[PDB]
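Worksheet for the structure shown next.
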Amino acid sequence: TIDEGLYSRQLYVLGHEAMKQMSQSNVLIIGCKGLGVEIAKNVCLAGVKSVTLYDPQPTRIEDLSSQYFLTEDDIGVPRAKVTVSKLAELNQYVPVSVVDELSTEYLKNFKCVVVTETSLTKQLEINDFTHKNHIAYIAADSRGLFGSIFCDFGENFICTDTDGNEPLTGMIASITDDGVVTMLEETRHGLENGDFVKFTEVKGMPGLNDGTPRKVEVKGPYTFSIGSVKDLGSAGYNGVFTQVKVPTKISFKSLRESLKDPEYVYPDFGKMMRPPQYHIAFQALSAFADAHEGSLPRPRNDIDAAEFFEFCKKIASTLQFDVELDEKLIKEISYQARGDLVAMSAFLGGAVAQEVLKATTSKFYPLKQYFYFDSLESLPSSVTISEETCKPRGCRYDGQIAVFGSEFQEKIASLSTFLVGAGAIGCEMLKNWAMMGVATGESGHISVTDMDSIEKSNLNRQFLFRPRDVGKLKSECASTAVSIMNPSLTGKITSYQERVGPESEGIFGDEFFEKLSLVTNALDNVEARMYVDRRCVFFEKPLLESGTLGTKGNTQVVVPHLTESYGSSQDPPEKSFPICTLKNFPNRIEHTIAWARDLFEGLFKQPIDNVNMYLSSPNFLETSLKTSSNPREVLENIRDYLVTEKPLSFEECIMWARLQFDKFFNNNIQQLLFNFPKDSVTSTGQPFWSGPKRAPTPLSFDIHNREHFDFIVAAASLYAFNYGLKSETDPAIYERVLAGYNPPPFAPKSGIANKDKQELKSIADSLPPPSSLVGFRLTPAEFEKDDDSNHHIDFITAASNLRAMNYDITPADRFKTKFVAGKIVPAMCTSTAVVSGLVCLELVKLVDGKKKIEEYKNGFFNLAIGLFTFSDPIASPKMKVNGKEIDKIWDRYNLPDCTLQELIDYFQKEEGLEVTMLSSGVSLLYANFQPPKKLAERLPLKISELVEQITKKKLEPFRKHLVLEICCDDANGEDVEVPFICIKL
Amino acid sequence: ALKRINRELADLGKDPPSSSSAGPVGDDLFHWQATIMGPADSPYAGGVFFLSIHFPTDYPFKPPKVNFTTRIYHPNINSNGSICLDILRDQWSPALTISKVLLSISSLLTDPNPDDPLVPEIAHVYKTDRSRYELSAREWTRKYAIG
Amino acid sequence: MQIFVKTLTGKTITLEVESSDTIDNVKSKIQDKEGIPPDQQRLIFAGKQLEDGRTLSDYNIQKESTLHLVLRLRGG
Ligand SMILES: *P(=O)(O)OC[C@H]1O[C@@H](n2cnc3c(N)ncnc32)[C@H](O)[C@@H]1O
Ligand SMILES: [Mg+2]
Ligand SMILES: [Mg+2]
């Protein structure tokens, strides 16, 4: 009973059983500051049964530094009371409550307990209870640029899924007598030692088909071993194997036992000596607070730092810790104790919310047990950070001024950012910018562009949008929401509904880009990423890239004249199947789904487009007869969809659907088995239908069968939609119409001059004249996965399952069919929060203008396994041109709008290079091998004139420059690479 | 993409392919027309086959789209000109040149593969009645490839 | 020398190398064991991304070292 219209993208990450168990779990959250509210928001969006908040502390102004559900009108009111109202709106299936008083025995009502902003004695008191009563306990802390997480799920935690990957499966070629399983040609099993597999369809060894898992001993990328199969048989042929994932038992220690001998999770292997330092430092913070009436050290105070370091020494001595304390790092922890950064809050809240989901679903591997993190490389160095500049000013940015200072706040308030995309990452980025105070000064501005509209499935991870906002523009809603969060952003956000690409360069032109300070990408495709990367390279602007997939995520930073661009590296491409496999010899459900999608396009989209283009273009037939691969196909489509098989009622649509069923599931299979009988052999004597090729069998139509009826219904409905008729869903009419159907006889054909042109002419003139059909059009079907009443996914599922039945492939359901056909990207709110936090931690590095490349970090993570890793960006490659140092990425030539001859002469005289090729856009302006006449005609023209002439398209008035690619050869003839040319018009 | 495309074009200029000749259409570098000569020891002897090559915006990180324009009677080439070649669907790597693709297509022409066919009827004729396949291929290359 | 490579999806790989091996040889070995072309591999050791043309000793990679094999993602 899960609402798949809302949890569509999250179900592809977690699953149905996981979310069913998750919707029966109660979560208590202690603390309602930025970290707590982030955790509660992510939990409410995830879909737990209910959330209870406990925070009776009255609101303070500084609390607004990372709490985005608090306003300045709420000062003096308990934080939970003012937060519950806004949290109750995120998800309608998750009630949110408040408790004014907490007792120990009251904790038994909750599946998970999250603790923030609590002293160590209270944490020990709570954990001593939750540990012996088997309640999951998570404790999180965020101090300036430092963070800590602790998880304790009990002594006998059971984890069903450990890595979150789909089970591995593969086709076998042979199994010897000693269990040596071999894969097919050039196929990798992908297993690891100790995995368990089960076999099916193994011929010659039926015993392996029982279904008992067996140990795997990997011997190579193509073979493995399972043991001894002497008794089961001598040798086995063909078959498939599927991995079996076994539950694991994880044993946690209590907080009291874990303080003495902690187990660390390392977010970065470059600094493996720090977590032991942070373990002492956070305990010293708790002791200091207990010794000063719950007051943390004041910002950048040396007396408090000295006292804190004395506490650290005392704690390290007491715990028998054999670690030499790094005084600078520990005192840094002391200085930033009162810091409250929205980026750290977002990062830790995403991590902790994922841990809560792990606790409530018993899926994915949890943290064991301490996770200490720092982003100390983000501390500014271009400004003064002292006790005078970091003291509070009684404003909403006190939690950030306590870390960065007032001068850095002035630097932040003057940013002019450009955000591309307004989805999940875009919403998180806008919220982080609003909390940080970005572009709230006299010279600050924010621009956000996005061409899409809000849908129901977007509300599951884009928390700025409500159900009332469905159908509106994403950018307008996001700007309004963040202007509500921070009122100082009123009049300083501009929203566009333009797609960023070659067609929007009149809006995001030179004037627009020259005023920016940085560009942040929040996109979902690589083409737009590459385009924005090229624009940033040309204008020399910093770029912040980020991406997510399920529980995985990454963030990258591109810095002018320092690092390489986003397009300097390659990613694995999308996998496309061979056409022969798809058309004739499928063996996976993905092949049949691709075939079904192509069938949908070929039945309901292409013929309609041809018919419509015939009735619009007066010279369509003449052009198509010579500019098409199959003009005969176009003519046949037009004839069939106009005259021959035009339905005058829905019954004719039903009969048409029945005919198409026969055509695509009974007759083509008969023809295929006529060409390649089941007993046929290859050229080497091997059977033809063996291994990856599965022998099909024709389907006979049976109305009582569910898949056949589904196909008929969906096909008839889509045909009626094409012709604008009134469809029906009652099975009575279908059964009545299909009862009186006489299939035409079919017999597969054995096969065995220039008059065909006359036949094509006769077909063409037989069509009704376009003049007789004015104002008549057929409605094409545009694929739409997200609507469940247009019969698109229904038709694709029915066709895919029927073709699977043809080849004896295991059919799927509508859920997996929608996942595959729709090319849906699994999405999570926790991963979005983590990536936004990392991006906003790099943003402050960009604002400070750090020059060294070791101060920046590209981040990668997978929350399913609890893996975090960071690495320095790659420096842009250098080169030598005319004995000069040239950056291969960020350098260019600036030339006036000279002539082609003058450009060549300039490159000869100045750089000592001979120009061989000159191109602009997708045109070849000049090549060394062109005939002398063409060159002599093209030499005395200016570059703009040459481009206009070659492209036959005048340059637009807003076009202020041209980018030219040039390939040149040196005097010796060696090819030397040079940077691009920027011609100024 | 432009740099590598021009490098390939110049290399084609620097070495006569003899059996092939590819070049941009007009002045567009993302649309080439290539010519292939039927091998002498093949049913397509003395035939000129035109192919259209479409370079994607992501070249060389995505395969070029190569389609026959001349009608050919081959088990691995259908009526739309689609070619059953692995290096064009999922075995493409950013290290293959157009000359290699043309050599692969010529090798495909000189001997078909009926065991993994794209046109089952032509493959059936090839496997069972070879002489009829020879006559049909000769007729098709005389009718369409010569003009 | 024997080193370990951990993927972003949790898989573990064991490579038998020597301190004088270049990063290209290690990438070729990873391709052999995984089928990932060297130009698409992102290897991280101790917070540094390994670049082609250098040796293991340039990064002070010794026996039982752990590398991370990562990749970029396209959602958002
Ligand atoms: P996620 O898939 O949740 O949201 C991605 C958002 O990015 C926007 N987007 C994609 N492609 C473009 C271009 N080319 N220009 C501007 N915005 C883009 C989508 O509309 C989503 O809102
Ligand atoms: Mg959308
Ligand atoms: Mg998307």
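Identifiers for the structure tokens are assigned positionally: chains receive A, B, ... in sequence, residues are indexed from 1 per chain, and ligands are indexed from 1 in the order shown.
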
Mind listing the residues within 8 Å of ligand 3, only C-alpha atoms and all ligand atoms counted, as a ChimeraX atom specification?
/A:423,523-525,824-825 /C:75-76

As a list in words, could you give me every residue of chain B near chain C (at most 12 Å apart, counting only C-alpha atoms)?
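Residues satisfying the distance criterion: residues 61, 91, 92, 93, 94 and 95 of chain B.
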
Could you give me the residues within 7 Å of ligand 1, counting only C-alpha atoms and all ligand atoms, as an mmCIF file with N, CA, C and O atoms, in the first residue's frame?
data_model
loop_
_atom_site.group_PDB
_atom_site.id
_atom_site.type_symbol
_atom_site.label_atom_id
_atom_site.label_comp_id
_atom_site.auth_asym_id
_atom_site.auth_seq_id
_atom_site.Cartn_x
_atom_site.Cartn_y
_atom_site.Cartn_z
ATOM 1 N N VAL A 420 22.429 26.580 -12.216
ATOM 2 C CA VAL A 420 21.830 25.947 -13.385
ATOM 3 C C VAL A 420 21.124 24.685 -12.907
ATOM 4 O O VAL A 420 21.770 23.729 -12.468
ATOM 5 N N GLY A 421 19.797 24.680 -12.996
ATOM 6 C CA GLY A 421 18.999 23.586 -12.479
ATOM 7 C C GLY A 421 18.336 23.948 -11.167
ATOM 8 O O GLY A 421 18.930 24.648 -10.343
ATOM 9 N N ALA A 422 17.107 23.484 -10.959
ATOM 10 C CA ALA A 422 16.366 23.770 -9.735
ATOM 11 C C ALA A 422 15.647 22.524 -9.244
ATOM 12 O O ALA A 422 14.482 22.576 -8.841
ATOM 13 N N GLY A 423 16.331 21.384 -9.272
ATOM 14 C CA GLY A 423 15.733 20.143 -8.829
ATOM 15 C C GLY A 423 15.976 19.887 -7.357
ATOM 16 O O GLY A 423 15.679 20.740 -6.518
ATOM 17 N N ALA A 424 16.513 18.713 -7.028
ATOM 18 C CA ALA A 424 16.805 18.394 -5.635
ATOM 19 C C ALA A 424 18.077 19.089 -5.168
ATOM 20 O O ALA A 424 18.071 19.815 -4.164
ATOM 21 N N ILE A 425 19.176 18.884 -5.897
ATOM 22 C CA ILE A 425 20.424 19.554 -5.554
ATOM 23 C C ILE A 425 20.253 21.061 -5.648
ATOM 24 O O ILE A 425 20.818 21.811 -4.847
ATOM 25 N N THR A 449 18.004 29.215 -13.190
ATOM 26 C CA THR A 449 17.276 28.887 -14.405
ATOM 27 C C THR A 449 16.888 27.418 -14.394
ATOM 28 O O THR A 449 17.658 26.564 -13.947
ATOM 29 N N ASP A 450 15.685 27.133 -14.888
ATOM 30 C CA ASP A 450 15.195 25.768 -15.027
ATOM 31 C C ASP A 450 13.919 25.787 -15.858
ATOM 32 O O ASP A 450 13.020 26.591 -15.593
ATOM 33 N N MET A 451 13.822 24.912 -16.855
ATOM 34 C CA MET A 451 12.715 24.937 -17.801
ATOM 35 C C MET A 451 11.594 23.962 -17.459
ATOM 36 O O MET A 451 10.629 23.867 -18.221
ATOM 37 N N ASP A 452 11.688 23.246 -16.345
ATOM 38 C CA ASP A 452 10.739 22.194 -16.016
ATOM 39 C C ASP A 452 9.675 22.699 -15.048
ATOM 40 O O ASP A 452 9.758 23.801 -14.505
ATOM 41 N N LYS A 474 9.565 25.452 -11.523
ATOM 42 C CA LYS A 474 10.415 25.119 -10.385
ATOM 43 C C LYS A 474 11.170 26.338 -9.868
ATOM 44 O O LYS A 474 11.263 26.549 -8.654
ATOM 45 N N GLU A 498 14.542 29.210 -18.895
ATOM 46 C CA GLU A 498 15.283 28.899 -20.109
ATOM 47 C C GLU A 498 16.151 27.668 -19.894
ATOM 48 O O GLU A 498 16.745 27.491 -18.827
ATOM 49 N N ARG A 499 16.218 26.822 -20.916
ATOM 50 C CA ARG A 499 17.174 25.725 -20.940
ATOM 51 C C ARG A 499 18.540 26.270 -21.328
ATOM 52 O O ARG A 499 18.663 27.021 -22.300
ATOM 53 N N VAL A 500 19.566 25.898 -20.569
ATOM 54 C CA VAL A 500 20.922 26.342 -20.868
ATOM 55 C C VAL A 500 21.477 25.480 -21.993
ATOM 56 O O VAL A 500 21.625 24.263 -21.848
ATOM 57 N N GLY A 501 21.785 26.115 -23.117
ATOM 58 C CA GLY A 501 22.242 25.428 -24.296
ATOM 59 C C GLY A 501 22.523 26.419 -25.404
ATOM 60 O O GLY A 501 22.473 27.635 -25.202
ATOM 61 N N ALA A 522 23.448 21.978 -11.240
ATOM 62 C CA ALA A 522 22.530 21.095 -10.531
ATOM 63 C C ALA A 522 21.699 20.300 -11.527
ATOM 64 O O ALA A 522 20.481 20.168 -11.403
ATOM 65 N N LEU A 523 22.368 19.754 -12.537
ATOM 66 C CA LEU A 523 21.720 19.140 -13.683
ATOM 67 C C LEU A 523 21.647 17.626 -13.504
ATOM 68 O O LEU A 523 22.118 17.064 -12.515
ATOM 69 N N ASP A 524 21.039 16.958 -14.489
ATOM 70 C CA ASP A 524 20.848 15.515 -14.447
ATOM 71 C C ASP A 524 21.321 14.821 -15.720
ATOM 72 O O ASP A 524 21.048 13.628 -15.895
ATOM 73 N N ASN A 525 22.016 15.527 -16.611
ATOM 74 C CA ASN A 525 22.505 14.943 -17.850
ATOM 75 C C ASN A 525 23.886 15.506 -18.157
ATOM 76 O O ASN A 525 24.270 16.568 -17.663
ATOM 77 N N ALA A 528 24.338 18.947 -20.870
ATOM 78 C CA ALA A 528 24.267 20.272 -20.264
ATOM 79 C C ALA A 528 25.500 20.553 -19.418
ATOM 80 O O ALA A 528 25.990 21.688 -19.383
ATOM 81 N N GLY C 75 23.160 12.048 -11.835
ATOM 82 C CA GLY C 75 21.904 12.534 -11.302
ATOM 83 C C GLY C 75 22.040 13.917 -10.695
ATOM 84 O O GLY C 75 23.134 14.453 -10.536
ATOM 85 N N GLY C 76 20.899 14.506 -10.354
ATOM 86 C CA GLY C 76 20.899 15.819 -9.733
ATOM 87 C C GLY C 76 19.553 16.520 -9.687
ATOM 88 O O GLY C 76 19.384 17.484 -8.942
#

Just the helix (DSSP H, G or I) stuff from chain B, please, per backbone DSSP, written as a ChimeraX atom specification.
/B:2-14,86-88,98-110,120-128,130-145

Rounded to one decimal in Å, what is the spacing between CA of residue 4 in chain C and CA of residue 30 in chain C?
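If I compute the distance from CA of residue 4 in chain C to CA of residue 30 in chain C, I get 10.6 Å.
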
As a list in words, please: every residue in chain B that DSSP puts in strand (DSSP E).
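DSSP-assigned strand (DSSP E) residues in chain B: residues 20, 21, 22, 23, 24, 25, 28, 29, 30, 31, 32, 33, 34, 35, 36, 37, 48, 49, 50, 51, 52, 53, 54, 65, 66, 67 and 68 of chain B.
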
So that I can check the surroundings of residue 164 in chain A, please list as a PyMOL selection string every protein, DNA and RNA residue that reaches within 8 Å of it, counting only C-alpha atoms and ignoring chain neighbours fewer than 2 positions away.
chain A and resi 161-162+166+363-364+864-865

Taking only C-alpha atoms into account, report as a VMD selection string which residues of chain B lie within 7 Å of chain A.
chain B and resid 27 to 30 80 84 89 to 90 115 117 to 118 120 to 121 124

How would the residues just chosen look if you wrote them out with N, CA and C atoms as a tab-separated table (two decimals), in the first residue's frame?
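Output file again_8.tsv follows:
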chain	number	residue	atom	x	y	z
B	27	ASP	N	30.91	21.59	-46.32
B	27	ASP	CA	31.86	22.09	-45.33
B	27	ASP	C	31.54	21.60	-43.92
B	28	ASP	N	30.61	20.66	-43.77
B	28	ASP	CA	30.22	20.17	-42.46
B	28	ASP	C	31.12	19.01	-42.06
B	29	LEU	N	31.79	19.14	-40.92
B	29	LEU	CA	32.70	18.11	-40.45
B	29	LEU	C	31.99	16.96	-39.75
B	30	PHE	N	30.71	17.13	-39.38
B	30	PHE	CA	29.95	16.09	-38.70
B	30	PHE	C	29.06	15.31	-39.64
B	80	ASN	N	17.52	-0.84	-44.48
B	80	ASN	CA	17.81	0.52	-44.06
B	80	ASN	C	19.30	0.85	-44.12
B	84	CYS	N	25.65	-4.67	-39.14
B	84	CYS	CA	25.84	-5.45	-37.91
B	84	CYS	C	27.33	-5.52	-37.63
B	89	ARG	N	28.42	-0.33	-32.06
B	89	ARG	CA	27.34	-0.34	-31.08
B	89	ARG	C	27.86	-0.27	-29.65
B	90	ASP	N	28.67	-1.25	-29.23
B	90	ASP	CA	29.13	-1.30	-27.85
B	90	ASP	C	30.62	-1.60	-27.69
B	115	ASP	N	25.83	-17.13	-39.16
B	115	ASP	CA	25.52	-17.76	-37.88
B	115	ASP	C	24.95	-16.78	-36.87
B	117	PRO	N	22.95	-13.65	-37.84
B	117	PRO	CA	22.51	-12.78	-38.93
B	117	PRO	C	21.62	-11.64	-38.47
B	118	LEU	N	21.54	-10.62	-39.33
B	118	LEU	CA	20.60	-9.52	-39.17
B	118	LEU	C	19.41	-9.65	-40.10
B	120	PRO	N	17.43	-12.74	-41.48
B	120	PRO	CA	17.35	-14.21	-41.47
B	120	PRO	C	17.07	-14.85	-42.82
B	121	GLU	N	16.35	-14.19	-43.72
B	121	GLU	CA	16.02	-14.84	-44.99
B	121	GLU	C	17.25	-14.95	-45.89
B	124	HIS	N	19.43	-17.62	-44.46
B	124	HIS	CA	18.94	-18.95	-44.79
B	124	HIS	C	19.32	-19.33	-46.22

For chain A against chain C, which residues fall within 8 Å using only C-alpha atoms, given as a PyMOL selection string?
chain A and resi 163+165+190+192+220-221+268-271+423-426+522-526+546-549+552-554+569-572+825+827+832+860-862+865+867+869-874

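Neighbouring residues of ligand 2 at a cut-off of 7 Å, counting only C-alpha atoms and all ligand atoms, are residues 452, 453, 454 and 455 of chain A.
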
For the selection just defined, write its residues with N, CA, C and O atoms to a file, as a compact mmCIF listing (two decimals), in the first residue's frame.
# COMPACT_ATOMS: atom_id res chain seq x y z
N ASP A 452 11.69 23.25 -16.34
CA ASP A 452 10.74 22.19 -16.02
C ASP A 452 9.67 22.70 -15.05
O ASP A 452 9.76 23.80 -14.51
N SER A 453 8.66 21.86 -14.84
CA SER A 453 7.56 22.15 -13.94
C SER A 453 7.47 21.07 -12.87
O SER A 453 7.99 19.97 -13.02
N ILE A 454 6.80 21.42 -11.77
CA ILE A 454 6.76 20.56 -10.59
C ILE A 454 5.80 19.40 -10.84
O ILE A 454 4.68 19.60 -11.32
N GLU A 455 6.24 18.19 -10.50
CA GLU A 455 5.43 16.99 -10.59
C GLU A 455 5.30 16.35 -9.22
O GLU A 455 6.01 16.70 -8.27
